[PDB]
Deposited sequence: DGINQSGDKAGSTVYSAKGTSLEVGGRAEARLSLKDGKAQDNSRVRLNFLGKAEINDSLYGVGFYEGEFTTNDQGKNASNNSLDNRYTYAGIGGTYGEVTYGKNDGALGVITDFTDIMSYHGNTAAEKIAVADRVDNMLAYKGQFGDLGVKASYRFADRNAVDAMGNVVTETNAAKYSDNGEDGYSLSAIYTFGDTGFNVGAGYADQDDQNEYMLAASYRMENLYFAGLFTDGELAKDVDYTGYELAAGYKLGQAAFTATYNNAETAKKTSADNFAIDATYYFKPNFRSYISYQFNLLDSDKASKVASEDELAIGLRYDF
């Protein structure tokens, strides 16, 4: 929402009665991708259901689901069984923040959000490890204390069943329970400096052989926005990752224009090097069109890995 143009918007209230509400939201987002003059339909629908029940003025319960649905006809009127259950959680919140269990966001998304401002492109050099991103078996916390926003998460290792040598098997055939070692945590903080338009952010995450930190800053004036983000860590034992993003935005009437630069290195070789620009027209707050171009600055990476991309989108938010 807002400057994070690709993010979900709040849904429509379909039931409300007695501090209890049901909001149905999501989107129908038509997306045409053009690479080497060849089209791919990257359209997606999301459907989401957010229930909130006020328990008292200090406390509320929440439930949330979101699914994403796509097609891949390849030229036939095919049956398309493409579903991703993006979110499945319940939680409790109040004046001291909100805590959930189930698949939900970890702490670093609101840091990557400093530079993730484009309708389609961008966010290519800010890889989030699972516990920092969105993942199940996870306790997720968010709170806002004046000008300070904090998020945190803690993921449990997933239970599995193993034989007497440690091979993973069906429970019926197992000798004992073990786990996959995929416990982890994430933490972030954002400080908004009053009404100045200046925000800073930082965070960290760790999960088995993966770890990272992030630093960001942004400055918002009346119709202009600037931001930078830095990520550094390991994606595996002896696989370094470092990424940098810059973002700029300008708003003119109902239109928003953005540009980003994204550069990442994986194992000390460049893995992303993108300059992208876009334009997004808001007819209404829930109906928009956009056009975006990614200059892919990798070159002879493979031919396919170095191709530029044009994207054209029409987005309706439920």
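Stretch of the deposited sequence left without coordinates: only 301 to 302.
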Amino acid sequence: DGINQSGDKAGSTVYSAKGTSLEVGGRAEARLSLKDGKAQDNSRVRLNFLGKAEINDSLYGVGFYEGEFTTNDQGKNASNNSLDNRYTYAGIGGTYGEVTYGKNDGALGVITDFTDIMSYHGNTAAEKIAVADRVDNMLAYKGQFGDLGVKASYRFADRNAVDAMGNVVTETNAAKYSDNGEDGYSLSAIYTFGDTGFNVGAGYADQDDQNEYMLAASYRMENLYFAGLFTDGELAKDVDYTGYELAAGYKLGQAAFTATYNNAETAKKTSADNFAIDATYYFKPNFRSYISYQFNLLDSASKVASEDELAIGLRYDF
From here on, numbers count along this sequence of modelled residues.
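Taking the PDB entry as given, 248 to 256 carries the higher mean Cα B factor of the two stretches 248 to 256 and 39 to 47. As the entry records it, the average C-alpha temperature factor is higher for 7 to 15, out of 21 to 29 and 7 to 15. Of the candidates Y154, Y101, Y96, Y213, the PDB record gives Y96 the highest C-alpha temperature factor.
Out of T124, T170, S186, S79, it is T170 whose C-alpha atom has the highest B-factor in the PDB entry. The PDB entry assigns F145 a C-alpha temperature factor belonging to the highest third of its chain's modelled residues. When the modelled residues of the chain are ordered by C-alpha B-factor, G166 sits in the highest third.
For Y219, the recorded CA B-factor ranks within the highest third of the chain. Only modelled residues enter the ranking. The PDB entry assigns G194 a C-alpha temperature factor belonging to the highest third of its chain's modelled residues.
Sort the chain's modelled residues by C-alpha temperature factor and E234 lands in the highest third, per the entry.
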